[PDB]
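Comments concern the structure below.
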Amino acid sequence: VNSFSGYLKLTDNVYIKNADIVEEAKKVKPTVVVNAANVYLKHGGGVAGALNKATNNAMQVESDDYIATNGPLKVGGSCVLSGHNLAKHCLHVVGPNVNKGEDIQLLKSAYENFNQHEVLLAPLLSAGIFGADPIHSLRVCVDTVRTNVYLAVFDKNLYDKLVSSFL
């Protein structure tokens, strides 16, 4: 497990790669994979939908079981569930959605959940439909995460911009 290869080292504990996170998980077999989730743990698009489809909807049925007892998650909160065939554990983290007016300061609180796990395979948080600048999100990651995080970035153009600014 944790057979990470081909990653570019940005800091002493942050690594980056231009790759598909679902294909990486099947190749690395990580201990933890991170899901960019919403407060109701509905995996209907983005990274969440791709992970759930790779689990043949096993992630969605487990997520609904957790919501039935916990209710909605808080922005910046997280929960650890099973990783099914993709990893041992899946950490669902809810970043702030600046389109809904949620505070961008809460992105530090979202990344702080990574410090509960020794090594993670993760995407960037609060980007895309959550509306935060991906370069800003990566800045908050390298500033708050003290454990080993391996970042998969799908877009080649975005990948080159992040590398040019952080290496």
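So basically every Cβ, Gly included, is an ideal-geometry build from the backbone, and we count neighbours across all protein chains shown. What follows draws every value from the coordinates through simple rules; no lab data is involved.
For the stretch 14-43, what are the residues that are surrounded by fewer than 20 Cβ atoms within 10 Å (Cβ to Cβ) and among the polar types (S, T, N, Q)?
Of everything in the stretch 14-43, those that are surrounded by fewer than 20 Cβ atoms within 10 Å (Cβ to Cβ) and among the polar types (S, T, N, Q) turn out to be 18, 31.
Counting only residues that are over 16 Å from the mean Cα position of the chain (by Cα) and under 23 Å from residue 28 (Cβ atoms), which one in the stretch 145-158 is surrounded by the most Cβ atoms within 10 Å (Cβ to Cβ)? Step through it out loud before you land on a result.
If we filter the stretch 145-158 for residues that are over 16 Å from the mean Cα position of the chain (by Cα), which is where we start, we get 156-158.
Within this subset, residues satisfying the condition of being under 23 Å from residue 28 (Cβ atoms) are 156, 158.
On the way: 156: 9, 158: 16.
If we take residues in the stretch 145-158 being over 16 Å from the mean Cα position of the chain (by Cα) and under 23 Å from residue 28 (Cβ atoms), then 158 is surrounded by the most Cβ atoms within 10 Å (Cβ to Cβ).
In the stretch 6-59, what residues are under 23 Å from residue 147 (Cα atoms) and polar (S, T, N, Q)?
Taking the stretch 6-59 as the starting set, the residues that turn out to be under 23 Å from residue 147 (Cα atoms) are 6-37, 47-48, 51.
Once the filter is applied, which keeps residues that are under 23 Å from residue 147 (Cα atoms) and polar (S, T, N, Q), the stretch 6-59 yields 11, 13, 18, 31, 35.
If I filter the stretch 27-49 down to residues being over 27 Å from residue 103 (Cα atoms) and assigned to a helix (DSSP H, G or I), which single residue comes out as nearest to the chain's Cα centre (by Cα)?
Checking each candidate, the answer is 28.
Is it the case, given these coordinates, that residue 83 is touching a strand residue (DSSP E or B) at 6+ places or on another chain (Cβ under 6 Å) and not charged (D, E, K, R)?
Values: touching a strand residue (DSSP E or B) at 6+ places or on another chain (Cβ under 6 Å): yes; not charged (D, E, K, R): yes.
Criteria met by residue 83.
Within the stretch 145-167, work out how many residues are among the hydroxyl-bearing types (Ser, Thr, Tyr) and either over 16 Å from residue 15 (Cβ atoms) or in a helix (DSSP H, G or I) (or both). Walk me through how you get there before you give the answer.
Restricting attention to the stretch 145-167, the residues satisfying the condition of being among the hydroxyl-bearing types (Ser, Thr, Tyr) are 147, 150, 159, 164-165.
Within this subset, residues satisfying the condition of being either over 16 Å from residue 15 (Cβ atoms) or in a helix (DSSP H, G or I) (or both) are 159, 164-165.
Within the stretch 145-167, residues that are among the hydroxyl-bearing types (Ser, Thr, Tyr) and either over 16 Å from residue 15 (Cβ atoms) or in a helix (DSSP H, G or I) (or both) number 3.
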